[PDB]
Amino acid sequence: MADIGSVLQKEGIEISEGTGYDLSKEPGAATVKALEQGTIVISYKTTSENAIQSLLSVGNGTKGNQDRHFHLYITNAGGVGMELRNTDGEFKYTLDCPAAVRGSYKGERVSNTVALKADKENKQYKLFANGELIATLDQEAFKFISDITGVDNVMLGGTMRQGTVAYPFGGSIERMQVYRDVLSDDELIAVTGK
């Protein structure tokens, strides 16, 4: 990891439900909007009982393009997932893992760390939470962010759908990093388990 660098990073970002936090103008956003593969690592605390809370999304926010996006999300039941979409006629690749994260511990909102990697070489997606590899998906027709049509935004804490903040998170994004590099499972186990 000594010479690995993120293409986009943010730290210490509070977000109330429905507000989101726009990253579209950040240096590095263009790179994120074109990823063919890579790694996303996010530490957060959720204060929200919303059922589906996007931590990070990248997609097409325009009218009629509401099924064209990627997001990495958590749920109110302690689930972690992702969706990678370009309308269902093109692709809808998803993961949803139960009982992988926690909202609270000893009456306090607890930090969790999750990660997703997408590896073009072996057509594989892997999801991690809190020190564990929780799911692996292989697709013959591999896709990633550069396959979504008309990407125009990157954001924390929701997914833009026809100009509305969908899948709204509340709480704190403690640390968020996006890499073009595909990090090893050992690295992701270590960073998510810390």
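One-based numbering along the sequence shown.
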item	value
Between 100-108 and 67-75 (mean CA B-factor, as deposited), the higher	100-108
Deposited CA B-factor, highest of 37, 164, 153, 47	164
CA B-factor placement of residue 61, once the chain's modelled residues are sorted into thirds	middle
Third of the chain's Cα B-factor distribution that residue 119 belongs to, per the entry	middle
For residue 141, the third of its chain into which the C-alpha B factor falls	highest
Ranked against its chain, the third holding the CA B-factor of residue 168	middle
Residue 134 CA temperature factor, ranked by third within the chain	middle
